[PDB]
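>>> Sharing an experimental structure here, sequence included.
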Amino acid sequence: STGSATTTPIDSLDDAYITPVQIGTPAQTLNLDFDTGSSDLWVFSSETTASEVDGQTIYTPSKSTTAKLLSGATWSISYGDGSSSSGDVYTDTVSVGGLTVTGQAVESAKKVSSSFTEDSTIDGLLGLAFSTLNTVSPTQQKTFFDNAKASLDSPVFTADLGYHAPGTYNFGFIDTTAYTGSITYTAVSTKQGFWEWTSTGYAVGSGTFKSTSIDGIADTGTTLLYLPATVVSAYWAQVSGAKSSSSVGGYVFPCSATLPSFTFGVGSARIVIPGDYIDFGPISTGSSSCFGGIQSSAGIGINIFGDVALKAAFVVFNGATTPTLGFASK
């Protein structure tokens with residue numbers, strides 16, 4: 001089997017991407033944030049505290065003839081941005097782009113933190129990291145990809161995120177028309193539960209490539225590119241007037257600037273992030289200070305190849321017995 005679904009930016013900045021997902025019988029379609037940095041499929045629901053729902057579409061398990069309470073199971077998750085959610089668990093039928101999994105754990109939110117409430121466009125998350133990170137207790141549950149894998153034509157999914165435009169998540173096949181050149185594959189460590197890999201270096205604009213190992217994660221659920229402070233300083237030093245602002249929470253730059261590109265290495269291959277992809281717009285409405293899309297990872301504990309980086313590539317998440325990642329230009 002295969003599946004193919006379009007993923008759409010939630011706003012004009014590509015702050016996140018939503019993909020429609022069918023849950024239950026008859027189908028209830030929710031727009032979920034596909035997140036290769038986490039491993040829970042959770043949704044706003046009829047059980048979510050009413051004051052914490054503000055415009056999201058909810059899953060109502062009592063209206064699904066295939067929903068079953070997973071007795072005794074609870075979940076609770078906290079994300080790197082400080083947001084969180086928790087609740088109980090159903091199993092139900094879940095389909096993405098024509099690919100159907102029966103018995104998928106659908107984690108129903110009883111509580112969500114303010115940033116979820118305040119974002120009316122995201123109805124939940126669909127985790128695509130390794131199932132060892134799934135938070136369901138006392139019986140850990142498998143991700144949608146893990147459940148689908150054996151049925152797929154090939155044990156892979158691909159992320160093809162657009163810049164200010166829709167893109168595609170495919171399951172079970174590699175669309176050879178969706179990228180240019182060849183796909184360069186690189187080793188993955190699953191020891192932290194992430195799609196963790198080592199970039200071979202970077203360049204800023206037309207500058208020379210610096211060969212240096214940068215361990216980080218391919219994370220579709222993180223907006224920006226978070227890299228070591230040395231790398232980030234080298235980037236922003238090429239932008240007149242750019243500075244790190246403790247009050248804003250990162251590097252800002254004059255909105256009048258033209259940003260240089262940023263290149264990252266995948267083995268001997270190179271992925272070029274155009275400068276425009278690094279512009280996240282005014283820090284507040286009407287400001288002439290703009291927020292940068294490359295930020296320091298120094299306070300995180302891990303480097304994160306988020307959407308800013310991934311949207312410059314066609315990315316293969318290869319879930320073979322020994323997982324690997326593939327990157328192609330497009």
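Happy to help now that I have it. Numbering: from 1, shown residues only.

>>> Now do the strand or helix carrying residue 88: distance to the chain's middle.
Secondary-structure element containing residue 88, defined by DSSP states H and E: strand 84-96. Taking C-alpha atoms, centre = their mean, to the nearest Å, one finds the center of strand 84-96 at 18 Å from the center of the full chain.

>>> Neighbours of the residue nearest to residue 1 when sequence neighbours are not counted, how many?
Spatial nearest neighbour of residue 1, excluding adjacent residues (C-beta to C-beta, 6 or more residues apart in numbering): residue 151 at 4.9 Å. C-beta here means a position set from N, CA and C on the backbone, and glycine is covered the same way. Residues contacting residue 151 under the criterion other C-beta atoms under 10 Å number 14.

>>> One more: the one 3 residues further on?
The number of residues packed around residue 154, counting by other C-beta under 10 Å, is 15.

>>> Ok, residue 163 next?
Residue 163 has 15 neighbouring residues, counting by other C-beta under 10 Å.

>>> correct me, but it touches residue 309?
No: when contacts are counted by C-beta atoms under 8 Å, residue 163 is not listed as touching residue 309 (11.7 Å).

>>> re earlier: helices or strands up against the strand holding residue 88?
strand 3-9, strand 17-23, strand 41-43, strand 68-78, strand 99-112 (3 or more C-beta pairs under 8 Å, 6 or more residues apart in numbering; DSSP states H and E).

>>> Looking at the ones you listed, which is nearest to residue 173?
In terms of C-beta to C-beta, the element of these nearest to residue 173 is strand 3-9, at 8.3 Å.

>>> residues contacting the closest residue to residue 207 other than its chain neighbours?
Residue nearest to residue 207 in three dimensions, not counting chain neighbours: residue 238, with 7.8 Å by C-beta to C-beta, 6+ apart. Going by C-beta atoms under 8 Å, 6 or more residues apart in numbering, residue 238 touches 204-205, 207, 260.

>>> For residue 4, state which of these is nearest.
When these are compared for distance to residue 4 (C-beta to C-beta), residue 260 wins out at 34.5 Å.

>>> Residue 272 versus that closest one, what's the distance?
Using C-beta to C-beta, to the nearest Å, we find residue 260 at a distance of 11 Å from residue 272.

>>> got the CA coordinates for the helix or strand containing residue 126 in CSV?
Using DSSP H and E, the element containing residue 126 is strand 124-127. Extracted C-alpha coordinates of strand 124-127, given in CSV (Å, rounded to 0.1, in the frame of the first residue of the first chain):
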residue,chain,number,x,y,z
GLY,A,124,-3.5,17.9,16.9
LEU,A,125,-0.2,16.2,16.2
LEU,A,126,0.8,13.1,14.3
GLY,A,127,4.2,11.9,15.5
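
>>> Sheet partners, orientation included, of it?
Applying DSSP bridges to the sheet, strand 124-127 is found paired with strand 28-35 (parallel), strand 41-43 (antiparallel).

>>> Run the chain-centre distance for the longest one.
Read it as strand 28-35. 12 Å.

>>> Now do that strand and strand 99-112, the angle between them.
Relative orientation of strand 28-35 and strand 99-112, computed by axes from the mean of the first three to the mean of the last three C-alpha atoms, to 10 degrees: 80 degrees.

>>> how about the helices in this protein?
Ranges of helices in the chain, per DSSP state H, are 114-117, 144-148, 229-236, 307-310.

>>> Redo these as JSON lines? Include distance to residue 156 and mean neighbour count.
Below are the helices of the chain laid out as JSON lines (distance: least, C-beta to C-beta, whole Å; neighbours: other C-beta atoms under 10 Å):
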{"stretch": "helix 114-117", "distance to residue 156": "30", "mean neighbour count": "17"}
{"stretch": "helix 144-148", "distance to residue 156": "9", "mean neighbour count": "23"}
{"stretch": "helix 229-236", "distance to residue 156": "29", "mean neighbour count": "19"}
{"stretch": "helix 307-310", "distance to residue 156": "15", "mean neighbour count": "26"}
